[PDB]
Amino acid sequence: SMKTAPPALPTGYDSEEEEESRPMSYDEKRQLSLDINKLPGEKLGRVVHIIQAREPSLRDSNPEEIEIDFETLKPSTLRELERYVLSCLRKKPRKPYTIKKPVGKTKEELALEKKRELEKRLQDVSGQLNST
């Protein structure tokens with residue numbers, strides 16, 4: 001008895017990952033290179049194709065002598081990478097992300113927004129000069 005997958009939205013909402021697009025942990029990707037190494041050379045040549053076609057510096061480099069440098073590669077290309085690899089591995093997307101701290105969403109933030117309104121209110125209540 002496993003959980004069945006919910007219907008996903010490929011349209012309507014959007015921009016969830018597009019406005020996100022952040023660099024991942026170097027741990028995950030650099031060790032993932034060894035999991036890509038488990039795939040046959042012909043499969044690496046397909047991975048390198050989808051990389052180099054987006055990465056203008058890597059298209060000039062030979063796909064045999066290729067260097068997949070995760071730190072200089074685009075965050076979106078790292079997304080397309082994990083998608084391609086997990087699809088080849090045929091394995092489930094068991095990587096449940098969890099937020100540790102809200103980071104920006106603090107009482108200090110809400111205090112600053114509240115204060116900004118309070119500063120504005122000083123000028124807002126004030127009447128304008130009738131320049132004759």
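Readers should treat all values here as calculations from the given coordinates under stated rules, not as data from a laboratory. All Cβ positions, even for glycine, are placed from backbone atoms using ideal geometry, and neighbour counts span all protein chains on display.
What distance in nm separates the two pseudo spin-label positions at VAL125 and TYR97, each 7 Å out from Cα along the beta-carbon direction?
Label-label distance for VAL125 and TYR97, simple model: 4.4 nm.
Which FRET efficiency value, to the nearest 0.05, is calculated for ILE66 and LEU34 with the Förster distance at 22 angstrom and r the Cβ-Cβ distance?
For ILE66 and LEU34, the calculated efficiency is 0.90.
Order by neighbour count: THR106, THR11, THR77, fewest other Cβ atoms within 10 Å first, most last.
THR11, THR106, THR77
Take the alpha-carbon positions of the stretch 1-112, form their convex hull, and give its projected area averaged over all directions (one quarter of the hull surface) in nm².
11.1 nm²
Most fluctuating residue of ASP14, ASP35, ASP60 in a GNM of the chain with Cα springs under 10 Å: which is it?
Most flexible of the set in this elastic network: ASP14.
Let me confirm the definition first: pairs of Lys residues in the stretch 7-108, 8 or more apart or on different chains, C-alpha distance under 29 Å. How many are there?
Count of close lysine pairs: 27.
Count charges around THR77 for me, please; just the other residues with Cβ under 9 Å from its Cβ, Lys/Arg as +1, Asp/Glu as -1.
Around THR77, the surrounding residues sum to +1.
For a quick check of your reading of the filter: which trypsin sites (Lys or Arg not before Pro) in the stretch 38-132 sit in a DSSP loop and have no more than 15 other Cβ atoms within 10 Å?
Sites meeting the loop and neighbour criteria: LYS38, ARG54, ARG59, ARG90, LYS91, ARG94, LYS100, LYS105.
Comparing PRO40, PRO63, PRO96, which has the greatest mean-square fluctuation in the GNM of the chain with Cα pairs linked when under 10 Å apart?
Maximum fluctuation in the GNM of the chain, among the listed residues, is at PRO96.
Testing the spin-label approximation: label points 7 Å from Cα along Cα→Cβ at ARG59 and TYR13. State their distance in nm.
Using points 7 Å along Cα→Cβ, the separation is 3.4 nm.
Just tell me the longest site-free run in the chain, where the sites are chymotrypsin sites (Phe, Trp or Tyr not before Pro) in a DSSP loop having at most 14 other beta-carbon atoms within 10 Å.
The reported range is 14-96.
Any chance you could list the semi-axes, whole Å, largest first, of the equivalent ellipsoid that the Cα gyration tensor gives for the stretch 33-91, using √(5λ)?
For the stretch 33-91, the ellipsoid semi-axes come out as 18, 14, 9 Å.
Across the stretch 67-72, in residue order, what do the Karplus-derived ³J(HN,Hα) couplings come to in whole Hz, using 6.51 cos²θ - 1.76 cosθ + 1.60 with θ = phi - 60° and x for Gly and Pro?
10, 7, 8, 4, 6, 9
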